[PDB]
Structure formats: C-alpha cells, structure tokens
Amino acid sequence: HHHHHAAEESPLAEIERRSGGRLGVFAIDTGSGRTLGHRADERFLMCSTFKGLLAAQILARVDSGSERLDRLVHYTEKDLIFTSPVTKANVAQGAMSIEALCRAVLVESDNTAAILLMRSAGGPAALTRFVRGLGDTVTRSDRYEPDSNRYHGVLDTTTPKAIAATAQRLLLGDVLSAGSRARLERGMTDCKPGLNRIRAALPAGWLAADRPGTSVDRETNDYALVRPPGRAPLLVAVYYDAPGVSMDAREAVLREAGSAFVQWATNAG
C-alpha cells in the first residue's frame, strides 16, 4: 500500500493535518494480528514512556534474584529533580523500596525514582540491552532526564510500532513472572498522568492500563494495553511531536487518535 493511503489511516492523517505537528500511531489486535498505523515506523522521543520499560527491567531483575522488591534504595535531597512527588515526599526518610520506586515511576512518572532505578540497574545502556534481549532493535535509552526529553538525533527514541510490540511482550509474552507481570499492569492501571489521553477515548467498561510521556515544548505520548470485554486485548501507542502546540491541545490530539483507534477496533480491527 505504498501508492495510496489505506482508508483506515485517513482519520489519523486528518487529525495530524488539522492540528499540525507529527503524529505517530500504531495499534495491534493481539488475537487477529490486525494493525492500524500512521508514521508507525518513524522515531519519536520516548519521554516518560521509557519508564514503563524501566519498571519491567527492574521487575525482571527481581525475577532473576538480582534484585528484591523490599530492598531499600537510599537517596537524599541532592537526588531530587522536577516532577518527583513520591521521592520528594519521602526524601527525609532517606530511602524507598524497589517496589515503591517501581510504583512511583508507573503511577506518577516520578523522575527521581526512575534515575534511582537506573542507578541500581546499569543506567540507560542496561535498559537498552534489556529491550534488545526482548527482540526490540529500535527503542533506545541514552540519557537521563531532563536532557532525555530533548531531541538529539536518535537518542532516547522509539517508534510507535516498536514500543507497542515490546509492551505486548512485557505484558502478554511470558517474559516476566506472574507476580511481576501483574505488578507492571497494576502500576499502569493506576497511572494518573495519562488519564486524559488514550484512556479518555475508550468506551465505558473497557479496562485499560497506560504509560504516558511528555515534554514541555513539544512531545505528548501514551501507550496502552486495552482490554475490551469478550475479545483479545489490544496494544496502542500514540506519539505526538508538535512544537508550539499547547500541552492541552496535544492531549486532545491523543484523545482524537484514541477515538480513531476505538472506531478501528470495533469495525475492522
């Protein structure tokens, strides 16, 4: 389908054209293998979406005995950076458990929690190696926040298709133990910063779990595991790179893409 747009992609192209910027979408029905995409193989900054992969890397270390959920990771005020509500709240205690840090990155995108987890586990290179071992040769983690939220060639990027496939492996592919897999999905279900993105477009009664990411000046992302009653789950990733568009308007684009996803999933996909 290289000469003409597929009809199923037209609504996504129209959302992008009406708002400006560059919109990447990929969705997969895990039962049938049917897919929906727009710019699905283009690179976008992950921003906090990397934290959904980081949490899985840490839980895989728990599974292998290289880490313990209850181990205390020590830190001080010198470690705190912006958007770190949980680690900031606990700094006087001087430590948080691995389990609590994983929950903080998934539920609140806690920035310092993610840096502390990376400190425990080998840094961006080890996160990249973790996803490579899952068969993802695209996604790469290279820097720490805040600099990892700034475009710099291919550093700290994924594609919508690659991260959706990796999310499917992590959540449905038997790469984590039953307990770790459930703990990953639980944190993503309880996640707060993405509730006005893909999940706001889903029909009442669909269960979903997501991981968002944002930069102040351009990037608004979300990926989700979507569980409609009575059918196989779906994965959907939406990455929006829109310099000069307000954060609220960028979330509205993600909701529009989410609605296009629901229409696709309920009629052809």
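Start at 1 with the first residue shown and count on from there.
Mean CA B-factor, 66-74 versus 204-212: the higher value falls on 66-74. Taking only CA atoms, the mean B-factor in the PDB entry is higher for 89-97 than for the other of 125-133 and 89-97.
The entry assigns its greatest Cα B factor, within the set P243, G31, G37, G52, to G31.
The residue among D110, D174, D142, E185 whose C-alpha atom has the highest B-factor in the PDB entry is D174. Ranked by Cα temperature factor within the chain, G153 sits in the highest third according to the deposited record. The PDB entry assigns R231 a C-alpha temperature factor belonging to the highest third of its chain's modelled residues. Sort the modelled residues of the chain by CA B factor and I15 lands in the highest third. Sorting the modelled residues of the chain by their CA temperature factor places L117 in the middle third. Ranked by Cα temperature factor within the chain, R181 sits in the lowest third according to the deposited record.
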